[PDB]
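This document opens with one chain alone, in structure tokens, the form solved without the named molecule.
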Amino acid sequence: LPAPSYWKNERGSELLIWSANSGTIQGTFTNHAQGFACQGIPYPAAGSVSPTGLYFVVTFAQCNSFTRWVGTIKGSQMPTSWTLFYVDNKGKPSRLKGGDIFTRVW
């Protein structure tokens, strides 16, 4: 995991990695995915990298949700699967799952 580096998924969401010093990544993530909330506001991304791959979690405080991405790096690309947890407007906890491929821009 190169640090600093800047990666973007296919939706346009951005991940800036500041450091990965001892298997613990610190980053900033901003959502731009159409139809997901908190678009445009940067949030800390935290997680871990190792032999087995990596994961990072971002809590979009103030749309009351967080997503965890898990994946690996392969050259310039980082394929991931994610699970998003949030609370709907009737107050029911809800989860959503999907895949992302982030590709390095610088």
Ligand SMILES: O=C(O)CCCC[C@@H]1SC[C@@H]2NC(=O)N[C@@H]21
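For every residue, the number given is its place in the sequence shown, counted from 1.
What comes next is about the form deposited with the named molecule bound, which is not displayed.
At a distance threshold of 4.5 angstroms between non-hydrogen atoms, residue 57 is out of contact with the named molecule in the entry with it bound.
Using a 4.5 Å cutoff between non-hydrogen atoms, residue 95 does not count as a contact of the named molecule in the entry with it bound. Using a 4.5 angstroms limit between non-hydrogen atoms, residue 28 is distant from the named molecule in the entry with it bound. Using a 4.5 Å cutoff between non-hydrogen atoms, residue 48 does not count as a contact of the named molecule in the entry with it bound.
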